[PDB]
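> PDB entry and its sequence, pasted below:
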Amino acid sequence: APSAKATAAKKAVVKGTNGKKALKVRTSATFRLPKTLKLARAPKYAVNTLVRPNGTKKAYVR
Amino acid sequence: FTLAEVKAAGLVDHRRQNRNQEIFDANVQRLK
Amino acid sequence: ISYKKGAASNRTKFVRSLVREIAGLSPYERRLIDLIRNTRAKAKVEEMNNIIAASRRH
Amino acid sequence: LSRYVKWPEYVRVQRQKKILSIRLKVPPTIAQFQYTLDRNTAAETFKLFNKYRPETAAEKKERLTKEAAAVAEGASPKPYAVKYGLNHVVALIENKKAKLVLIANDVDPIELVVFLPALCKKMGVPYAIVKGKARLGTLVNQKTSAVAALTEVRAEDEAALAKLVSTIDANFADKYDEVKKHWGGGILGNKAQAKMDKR
Amino acid sequence: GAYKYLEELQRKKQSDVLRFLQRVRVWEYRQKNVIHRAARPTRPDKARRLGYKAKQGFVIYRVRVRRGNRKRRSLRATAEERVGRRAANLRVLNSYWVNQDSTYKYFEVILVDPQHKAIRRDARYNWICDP
Amino acid sequence: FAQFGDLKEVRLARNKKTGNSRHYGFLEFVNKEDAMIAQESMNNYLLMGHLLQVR
Amino acid sequence: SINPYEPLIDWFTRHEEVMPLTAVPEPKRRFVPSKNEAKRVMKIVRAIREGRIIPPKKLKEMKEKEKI
Amino acid sequence: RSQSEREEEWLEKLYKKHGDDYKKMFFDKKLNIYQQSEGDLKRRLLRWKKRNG
Amino acid sequence: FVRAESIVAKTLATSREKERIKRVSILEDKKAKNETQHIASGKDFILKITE
RNA sequence: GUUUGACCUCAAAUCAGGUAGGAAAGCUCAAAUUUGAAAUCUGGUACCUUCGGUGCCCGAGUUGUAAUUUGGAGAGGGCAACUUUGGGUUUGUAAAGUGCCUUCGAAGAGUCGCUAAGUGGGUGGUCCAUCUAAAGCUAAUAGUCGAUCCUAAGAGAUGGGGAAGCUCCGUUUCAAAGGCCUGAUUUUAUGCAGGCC
RNA sequence: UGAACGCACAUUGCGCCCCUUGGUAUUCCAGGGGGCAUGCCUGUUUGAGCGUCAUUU
């Protein structure tokens, strides 16, 4: 039984009091592709009608 | 001309060697 | 003659032996070492014997 | 159902490799890279190595332009910096010029650095496996650097480098030289240790 | 230099280090696509020997091809041809062997981009830009 | 060293003619197994340019 | 009867090398100031003399005269 | 093939400090910044003297 | 957790500051009693710093 | 420090610029540190004398981009009172060449033959002869009637896999497969936080 | 129209984005102009991952 604070002191000397982790419990059921910035393009350089049997259009405009 | 032939002439095939004296002398004279 | 048959450099042998000591042994070489303790083939067995002798003392 | 859709394939493979890293029985040459410097020794090593950080492109250009402007109108000591680059440091080690060599432990083609601890020990060059290849690049002004080295040091820091070498010899070399040559990675999980070690 | 050590180490493919690395890497490869892009060469020394430069316009693709002469021709040729068909804007420079299974052989193919100015403006490599 | 456990005695070597550290000392823990932990974590500590020697 | 996980034996690295691997002579560029930097400095000098590069003093002068 | 201005100034300084003593110009740490052999110093100084007088 | 270096640094710096204060106090005591014979300086200087 | 930040891998954009479909002569890399200084390069931008140049800036790159070297060797030094010089005006103690002296002096592996070697190896000759592989370049009359819309049996892209390939299988499959809502503007000070299917 | 490129096509069918013009016109309708295929490369910007790390003066 090497006390209880001796183990903590050894861990702090060796590891350095940066162990604990922060994570979120409610995760998403399905992973989707995240939305990212979609920039716009910025280029560098640039009456009654009928069809007649002879292939033309005839329009009666009253 | 072998490297020895060119060197003996005062200044070309690197694969050929010199083993005959008459041919070496003839080539040296030809270079000169 | 050509350089390709000159000799083995000190650095070259050093590198080869260091890689030999680091990489380990292939399974058939482990089998050969086990057999020995209990032209290609001659060279391989001589290499194994050299490894054994170097592992013993030096 | 099919809940696997909560992880993309790359995340799943990325974690499967992590599991395989600790479950597989790794050979000693690859196992030695899990033994790195502790917090204090690593923090003290990067205090010396951060004082010899090479000049960036902008600083070097400014220094050269000042000299050029001085010349255009009308005897220096040798510089000191940390040596990097794999081939350069390897050439330094086998010439016995490096005083201390830091080797990163997370080189993705691990075979690029597997021979380095052995070469450093064989050639009598102090070495240390330092956790983080991105941290060695900060003192090099690169994103990553596989290795770093100290060949020459300013006379003010000569004692500090010797003390650091002795500290690494006591903390890293003499401490791990027996377990360095043992196969690692035989960690047993709870569901497996419960049924094998107990039974 | 460090490339001599890598070349001497890669000559022992059944040693503990390489056998372990290949066992892990072949499983990792089998999880990716048949033809995928490598971030960087797995054997940089072999890439340097075969003519690879760490500059813009040099690409590496990993490809796996099934083995055997039965069907219920070289494997390297098929691998290189599939890689070249995938990247039709590049020329297949070379390729080398990285891994193999009882089912697949794995190759890494070095390609060059002819349209990149880093390849067009240097005389040592602009020969491949000719049609 | 009180963070590694309860202490019972802490003494430091000094010069008699002038009070000045002799750079070594002794100290005793109430728990014997606390001394082992205090020794394993500070036996090669690089502090202020010194390699602490705890045994 | 064969251990597949036997500890590594350092039969080669246990003997320290006393002296370097090769006897290549030391180049003269490691003892004298840099030559590449000398050429680069002279190139910058030539660019300054042609007015292509404004010297840092003149640049410092131009940024204290407009931004008002 | 003519020398440059900076080389001429360097040879000026060498000649004015040592004269024709090439062994001292070889071992001078302030004027022979790029440590150069006695032969190179002699050749360049002879060219400078021939051009000037 | 309190690291050893923090404690050592605090002790060293506070020891330096304490000696500074003791020196200043002894000098002011010497000047107050008009015993300015073996003191470094007896003048009350003021330094004005301006950009 | 339950914080903050470096990298690594993998993604997306009608992102910037590109690319594919179809019909008689010899030489160059890799392999040995520029370490007294990544000396190297794409791109954006502004001017210019525009198949390009310069300045500035963001990046690539040390897990290696330049200079030097390729057995015909080659390299680092030293000595000749040795020889030579680019670009549309040259110049930098810059780049080379010849002779002699001195110190050094790498060499392509799932490859040769299941799987190697370094006075090694390949091929020939009745011990000798000859070359230097496993890298590369190189000339000679309709809003109102129907279609248009919807899905039916089925066919068939994408994801993925096979095949030398023309192409084939498989139809929701170990795919990052897309829409919507809320909020004093988001607590070390104005770089998006949370939620639903 | 065709390798044929917004999606389809045995239809001469169905969409989306930006700018601009005209009719009662901030909402409606129409006209005009310019864009929206895939694989790959280099770069830019925006991201995901308890993948590796560091994190007390």
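Looks like it came in fine. Residues are numbered from 1 along each chain as shown, chains lettered A, B, ... in the order given.
> Chain H: strands as residue ranges?
Under the criterion DSSP state E, chain H contains no strands.
> Spatially central residue for it, please.
Centroid check for chain H by C-alpha atoms, centre = their mean gives residue H:11 as the closest residue, at 3.7 Å.
> contacting residues around that one?
With contact set as C-beta atoms under 8 Å, 6 or more residues apart in numbering or on different chains, residue H:11 has these partners: H:3, H:44-45, H:48. Yep, even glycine has a C-beta here, placed from its N, CA and C like the rest.
> Of those, which is the most crowded?
Neighbour counts for the contacts of residue H:11 peak at residue H:45, which has 20 neighbours (criterion: other C-beta atoms under 10 Å in any protein chain shown).
> Find the residue closest to that residue in space, skipping its chain neighbours.
residue H:11 (5.5 Å; C-beta to C-beta, 6 or more residues apart in numbering or on different chains).
> can I assume residue E:105 sits in a helix?
No: in this structure, residue E:105 is strand, not part of a helix, as judged by DSSP: H, G, I helix; E, B strand; the rest coil.
> tally of neighbours for residue D:163?
16.
> Assess the claim that it and residue F:44 are in contact.
No: contact between residue D:163 and residue F:44 fails when scored by C-beta atoms under 8 Å: they sit 11.7 Å apart.
> Residue E:87 is in contact with residue E:63, isn't it?
No: at 11.0 Å, residue E:87 does not count as touching residue E:63 under the criterion of C-beta under 8 Å.
> Settle it for me: which of these two has more neighbours?
Each of residue E:87 and residue E:63 has its neighbours counted (other C-beta under 10 Å); residue E:63 has more, 26 against 16.
> if we can go back for a sec, please report the distance of the residue nearest to the centre of chain H from residue H:21.
Distance from residue H:11 to residue H:21, counting by C-beta to C-beta, to the nearest Å: 14 Å.
> tell me the contacts of the nearest residue to residue D:179 once chain neighbours are set aside?
Closest residue to residue D:179 apart from its sequence neighbours, by C-beta to C-beta, 6+ apart: residue D:35 at 7.3 Å. Going by C-beta under 8 Å, 6+ apart, residue D:35 touches D:129, D:172, D:176, D:179-180.
> what's the closest residue to chain C within chain H sitting at in phi/psi?
Ranked by C-beta to the nearest C-beta, the top residue of chain H for proximity to chain C is residue H:35, at 29.5 Å. Dihedral pair for residue H:35: phi -60, psi 110, per degrees, to the nearest 10.
> Check the contact between it and residue G:31; I expect there is one.
Yes: the pair residue H:35 / residue G:31 is scored as a contact, 6.5 Å apart, by C-beta under 8 Å.
> more crowded one of the two?
Higher neighbour count among residue H:35 and residue G:31: residue H:35, with 13 against 10, using other C-beta under 10 Å.
> tell me the contacts of that one?
Residue H:35 neighbours (C-beta under 8 Å, 6+ apart): G:28, G:31-32, H:26.
> From residue D:49, how far off is it?
Residue H:35 sits 31 Å away from residue D:49, going by C-beta to C-beta.
> got the contact list for the helix or strand where residue E:93 lies?
Taking DSSP states H and E as the criterion, the element that holds residue E:93 is strand E:91-100. With contact meaning C-beta under 8 Å, 6+ apart, strand E:91-100 is reached by E:22, E:25-26, E:29, E:42-43, E:46-47, E:50-52, E:58, E:62, E:67, E:76, E:79-80, E:83-84, E:105-112, E:114, E:128.
> So how do I select the buried members of those residues in ChimeraX?
This is how ChimeraX selects the buried members of the contacts of strand E:91-100, with burial counted by 16 or more other C-beta atoms under 10 Å in any protein chain shown:
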select /E:22,25,26,29,42,43,46,47,52,58,62,79,80,83,105,106,107,108,109,110,111,112,114
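> Is any residue of the helix or strand containing residue E:85 near RNA strand K?
Secondary structure assigned from DSSP H and E places residue E:85 in helix E:75-86. Yes: using C-beta under 7 Å from any atom of the strand, helix E:75-86 reaches RNA strand K at residue E:86.
> Would you mind getting the angle between that helix and strand E:91-100?
130 degrees (axes from the mean of the first three to the mean of the last three C-alpha atoms, to 10 degrees).
> can I assume residue D:148 sits in a helix?
No: under three-state DSSP, residue D:148 sits outside any helix and is assigned strand.
> Which secondary structure elements does the longest helix seen in chain B sit against?
Looking across chain B with DSSP state H, the single longest helix is helix B:21-31. Other elements packing on helix B:21-31 under the criterion 3 or more C-beta pairs under 8 Å, 6 or more residues apart in numbering or on different chains; DSSP states H and E are helix B:3-8.
> Could you name the residue of chain B that is farthest from its center?
Of all residues in chain B (C-alpha atoms, centre = their mean), residue B:15 lies farthest out, 12.3 Å.
> That one: which element?
Counting by DSSP H and E, residue B:15 is found in no helix or strand.
> I'd like the distance between it and residue E:46.
Taken as C-beta to C-beta, the span from residue B:15 to residue E:46 is 31 Å.
> And residue A:10, by the same measure?
Distance from residue A:10 to residue E:46, by C-beta to C-beta: 47 Å.
> Does the closest residue to residue D:167 other than its chain neighbours have any beta-bridge partners, and if so which?
Spatially, and ignoring its direct neighbours in sequence, residue D:167 is nearest to residue F:46 (4.5 Å; C-beta to C-beta, 6+ apart). Taking DSSP bridges as the rule, residue F:46 bridges to residue F:51.
> Residue F:46 - how many residues pack around it?
Residue F:46: 21 surrounding residues under other C-beta under 10 Å.
> contacting residues around whatever residue of chain H ends up closest to RNA strand K?
Across chain H, the shortest distance to RNA strand K (C-beta to the nearest atom of the strand) belongs to residue H:34, at 38.3 Å. The neighbourhood of residue H:34, defined by C-beta under 8 Å, 6+ apart, consists of G:32-33, G:35.
> swap the cut-off to 6 Å and go again
When contacts are counted by C-beta atoms under 6 Å, 6 or more residues apart in numbering or on different chains, residue H:34 is found next to residue G:32.
> So it versus residue A:10, what's the distance?
Residue H:34 is 57 Å from residue A:10, where distance means C-beta to C-beta.
> likewise residue E:74?
For residue E:74 relative to residue A:10 (C-beta to C-beta), the value is 61 Å.
> Also residue H:24?
Counting by C-beta to C-beta, the gap from residue H:24 to residue A:10 is 66 Å.
> Which residue does chain F have closest to chain A?
Counting by C-beta to the nearest C-beta, chain F gets nearest chain A through residue F:33, at 3.7 Å.
> Next one: residue A:14 from chain I, what distance?
11 Å (C-beta to the nearest C-beta, to the nearest Å).
> Find the nearest non-adjacent residue to that residue, please.
Closest to residue A:14 by C-beta to C-beta, 6+ apart is residue D:38, at 5.9 Å.
> quick one, phi psi at the one you found?
Residue torsions, per degrees, to the nearest 10, at residue D:38 are phi -80, psi -180.
> For chain H, which segments count as helices?
H:5-18, H:22-26, H:38-52.
> Identify the residue nearest the geometric centre of chain B.
residue B:5 (2.1 Å).
> If you count residues, where's the longest helix of chain G?
Per DSSP H, chain G has its longest helix at helix G:36-49.
> what about the residue in chain I that chain H sits nearest to, distance to chain A?
Closest to chain H within chain I is residue I:51: 39.7 Å, counting by C-beta to the nearest C-beta. Going from residue I:51 to chain A by C-beta to the nearest C-beta gives 42 Å.
> what's the burial count for that residue?
2.
> Can you tell me the SS state at the residue of chain D found nearest chain H?
Using C-beta to the nearest C-beta, the closest approach of chain D to chain H is made by residue D:75 at 5.8 Å. Classification of residue D:75 by three-state DSSP places it in coil.
> count of residues packed around the nearest residue to it once chain neighbours are set aside?
Spatial nearest neighbour of residue D:75, chain neighbours left out: residue H:30 (5.8 Å); criterion: C-beta to C-beta, 6+ apart. A count of nearby residues for residue H:30, using other C-beta under 10 Å, gives 8.
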